[PDB]
file run.cif (mmCIF, C-alpha atoms)
data_model
loop_
_atom_site.label_atom_id
_atom_site.label_comp_id
_atom_site.auth_asym_id
_atom_site.auth_seq_id
_atom_site.Cartn_x
_atom_site.Cartn_y
_atom_site.Cartn_z
CA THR A 2 -68.49 -0.43 86.38
CA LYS A 3 -64.71 -0.80 85.96
CA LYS A 4 -63.58 -3.17 83.19
CA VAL A 5 -60.31 -5.09 83.30
CA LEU A 6 -58.84 -6.77 80.23
CA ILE A 7 -56.99 -9.92 81.27
CA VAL A 8 -54.35 -11.20 78.84
CA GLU A 9 -53.47 -14.71 80.03
CA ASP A 10 -52.88 -17.93 78.08
CA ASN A 11 -53.07 -20.28 81.08
CA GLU A 12 -56.62 -21.39 81.89
CA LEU A 13 -56.00 -21.71 85.62
CA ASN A 14 -54.45 -18.23 85.94
CA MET A 15 -57.19 -16.67 83.79
CA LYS A 16 -59.89 -18.20 86.00
CA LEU A 17 -58.20 -17.11 89.22
CA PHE A 18 -57.73 -13.55 87.96
CA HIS A 19 -61.31 -13.47 86.70
CA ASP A 20 -62.85 -14.82 89.90
CA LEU A 21 -60.89 -12.39 92.10
CA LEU A 22 -61.80 -9.38 89.96
CA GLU A 23 -65.46 -10.34 89.56
CA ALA A 24 -65.76 -10.81 93.33
CA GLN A 25 -64.77 -7.13 93.59
CA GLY A 26 -67.63 -6.15 91.30
CA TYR A 27 -65.51 -5.52 88.20
CA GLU A 28 -66.38 -6.64 84.69
CA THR A 29 -63.65 -8.36 82.72
CA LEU A 30 -62.59 -8.89 79.12
CA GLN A 31 -60.49 -11.98 78.41
CA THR A 32 -58.02 -13.22 75.82
CA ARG A 33 -55.07 -15.60 75.60
CA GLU A 34 -53.25 -13.63 72.88
CA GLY A 35 -51.24 -10.42 72.92
CA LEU A 36 -52.40 -9.25 69.49
CA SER A 37 -56.05 -9.87 70.35
CA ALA A 38 -55.56 -7.78 73.49
CA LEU A 39 -54.80 -4.78 71.27
CA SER A 40 -57.93 -5.42 69.18
CA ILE A 41 -60.20 -5.92 72.20
CA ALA A 42 -58.76 -2.85 73.93
CA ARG A 43 -59.66 -0.59 70.98
CA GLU A 44 -63.10 -2.14 70.68
CA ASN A 45 -64.11 -2.13 74.38
CA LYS A 46 -61.88 0.48 76.05
CA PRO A 47 -60.98 -1.37 79.27
CA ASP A 48 -60.03 0.66 82.35
CA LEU A 49 -56.95 -1.43 83.07
CA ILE A 50 -55.01 -4.17 81.33
CA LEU A 51 -53.67 -7.14 83.30
CA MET A 52 -51.08 -8.85 81.18
CA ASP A 53 -48.97 -11.94 81.54
CA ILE A 54 -45.50 -11.10 80.23
CA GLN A 55 -44.66 -14.71 79.44
CA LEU A 56 -47.25 -15.42 76.75
CA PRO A 57 -46.33 -18.38 74.50
CA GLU A 58 -46.45 -16.47 71.20
CA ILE A 59 -45.14 -13.02 72.13
CA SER A 60 -43.59 -11.03 74.95
CA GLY A 61 -46.17 -9.06 76.90
CA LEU A 62 -43.65 -6.23 77.03
CA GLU A 63 -43.73 -5.85 73.25
CA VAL A 64 -47.53 -5.73 73.39
CA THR A 65 -47.25 -2.98 76.02
CA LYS A 66 -45.00 -1.02 73.65
CA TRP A 67 -47.75 -1.06 71.03
CA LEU A 68 -50.31 0.02 73.64
CA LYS A 69 -48.24 3.06 74.62
CA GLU A 70 -47.77 4.04 70.96
CA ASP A 71 -51.54 4.31 70.46
CA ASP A 72 -53.19 7.61 71.46
CA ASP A 73 -56.40 5.82 72.43
CA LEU A 74 -54.69 3.11 74.50
CA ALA A 75 -51.59 4.78 75.98
CA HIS A 76 -53.48 6.11 79.03
CA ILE A 77 -54.69 2.66 80.06
CA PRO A 78 -52.73 1.42 83.08
CA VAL A 79 -51.00 -1.90 82.43
CA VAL A 80 -50.19 -4.32 85.24
CA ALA A 81 -47.67 -6.99 84.30
CA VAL A 82 -47.86 -10.52 85.68
CA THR A 83 -44.50 -12.31 85.62
CA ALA A 84 -43.22 -15.61 87.00
CA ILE A 94 -41.45 -4.15 83.10
CA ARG A 95 -41.47 -0.53 84.27
CA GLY A 97 -41.88 -1.56 79.01
CA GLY A 98 -44.52 0.91 80.14
CA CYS A 99 -46.21 -1.14 82.86
CA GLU A 100 -47.57 0.82 85.82
CA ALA A 101 -47.03 -2.11 88.17
CA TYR A 102 -45.97 -5.74 88.45
CA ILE A 103 -47.47 -8.78 90.17
CA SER A 104 -45.41 -11.88 90.89
CA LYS A 105 -46.65 -15.44 90.40
CA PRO A 106 -47.55 -17.32 92.51
CA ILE A 107 -49.67 -14.28 93.34
CA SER A 108 -50.57 -12.92 96.75
CA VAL A 109 -54.32 -12.25 96.60
CA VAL A 110 -54.28 -9.02 98.61
CA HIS A 111 -51.20 -7.65 96.86
CA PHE A 112 -52.84 -8.54 93.54
CA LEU A 113 -56.12 -6.80 94.35
CA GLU A 114 -54.52 -3.82 96.10
CA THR A 115 -52.26 -3.09 93.13
CA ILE A 116 -55.14 -3.27 90.67
CA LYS A 117 -57.62 -1.31 92.81
CA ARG A 118 -55.04 1.43 93.40
CA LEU A 119 -54.71 2.04 89.66
CA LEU A 120 -58.39 1.43 88.85
CA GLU A 121 -60.14 3.33 91.63
CA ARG A 122 -58.67 6.83 91.38
CA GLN A 123 -60.66 10.06 91.42
CA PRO A 124 -61.12 11.40 87.88
#
call {"tool": "encode", "arguments": {"input": "run.cif", "output": "structure tokens"}}
result
Amino acid sequence: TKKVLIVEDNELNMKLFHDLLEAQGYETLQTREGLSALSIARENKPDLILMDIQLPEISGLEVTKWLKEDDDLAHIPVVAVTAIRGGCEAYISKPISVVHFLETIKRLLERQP
């Protein structure tokens, strides 16, 4: 099953992103901090990283820079959520459009090997 790591400090956004992804049958990993995202990514190898750029403690774009500098994490597609192209494969605007949100993520997640 595909695993998506959601990096989102806002409880409401995290729940919405989680519910939408779970309804699609995906497993998720969750964290409110950019640094933790790096740690979790190395420990659980998510298939895609959904990251809010406007985190309170750090820019999501700087976190993406670290991701791309790591040989084990650089291949993981990163979708930025902003209220980028930093290394992000795609961007999703907030307030989000549910279909656009899911289409963007599924396109990057569900590719033939």
call {"tool": "residues_around", "arguments": {"input": "run.cif", "residues": "range 41-46 of chain A", "least_positions_apart": "6", "cutoff": "12 Å", "atoms": "all atoms listed in the file", "output": "PyMOL selection string"}}
result
chain A and resi 3-8+28-35+64-65+67-68+71-79
call {"tool": "resolve_selection", "arguments": {"input": "run.cif", "expression": "the PyMOL selection byres ((chain A and resi 56) around 8)", "output": "list in words"}}
result
residues 9, 10, 33, 34, 35, 53, 54, 55, 57, 58, 59, 60 and 61 of chain A
call {"tool": "closest_residue", "arguments": {"input": "run.cif", "among": "A:95, A:80, A:14, A:70", "to": "residue 117 in chain A", "atoms": "all atoms listed in the file"}}
result
A:80
call {"tool": "atom_distance", "arguments": {"input": "run.cif", "atom1": "CA of residue 116 in chain A", "atom2": "CA of residue 19 in chain A"}}
result
12.6 Å
call {"tool": "atom_distance", "arguments": {"input": "run.cif", "atom1": "CA of residue 110 in chain A", "atom2": "CA of residue 25 in chain A"}}
result
11.8 Å
call {"tool": "atom_distance", "arguments": {"input": "run.cif", "atom1": "CA of residue 99 in chain A", "atom2": "CA of residue 17 in chain A"}}
result
21.0 Å
call {"tool": "closest_residue", "arguments": {"input": "run.cif", "among": "A:37, A:48, A:20, A:26", "to": "residue 122 in chain A", "atoms": "all atoms listed in the file"}}
result
A:48
call {"tool": "resolve_selection", "arguments": {"input": "run.cif", "expression": "the PyMOL selection byres ((chain A and resi 105) around 8)", "output": "PyMOL selection string"}}
result
chain A and resi 82-84+103-104+106-108
call {"tool": "residues_around", "arguments": {"input": "run.cif", "residues": "residue 18 in chain A", "least_positions_apart": "5", "cutoff": "9 Å", "atoms": "only C-alpha atoms", "output": "short mmCIF file (atom, residue, chain, number, x, y, z; two decimals) with C-alpha atoms, in the frame of the given file"}}
result
data_model
loop_
_atom_site.label_atom_id
_atom_site.label_comp_id
_atom_site.auth_asym_id
_atom_site.auth_seq_id
_atom_site.Cartn_x
_atom_site.Cartn_y
_atom_site.Cartn_z
CA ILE A 7 -56.99 -9.92 81.27
CA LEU A 13 -56.00 -21.71 85.62
CA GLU A 23 -65.46 -10.34 89.56
CA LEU A 51 -53.67 -7.14 83.30
CA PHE A 112 -52.84 -8.54 93.54
#
call {"tool": "closest_residue", "arguments": {"input": "run.cif", "among": "A:52, A:113, A:62, A:120", "to": "residue 98 in chain A", "atoms": "all atoms listed in the file"}}
result
A:62
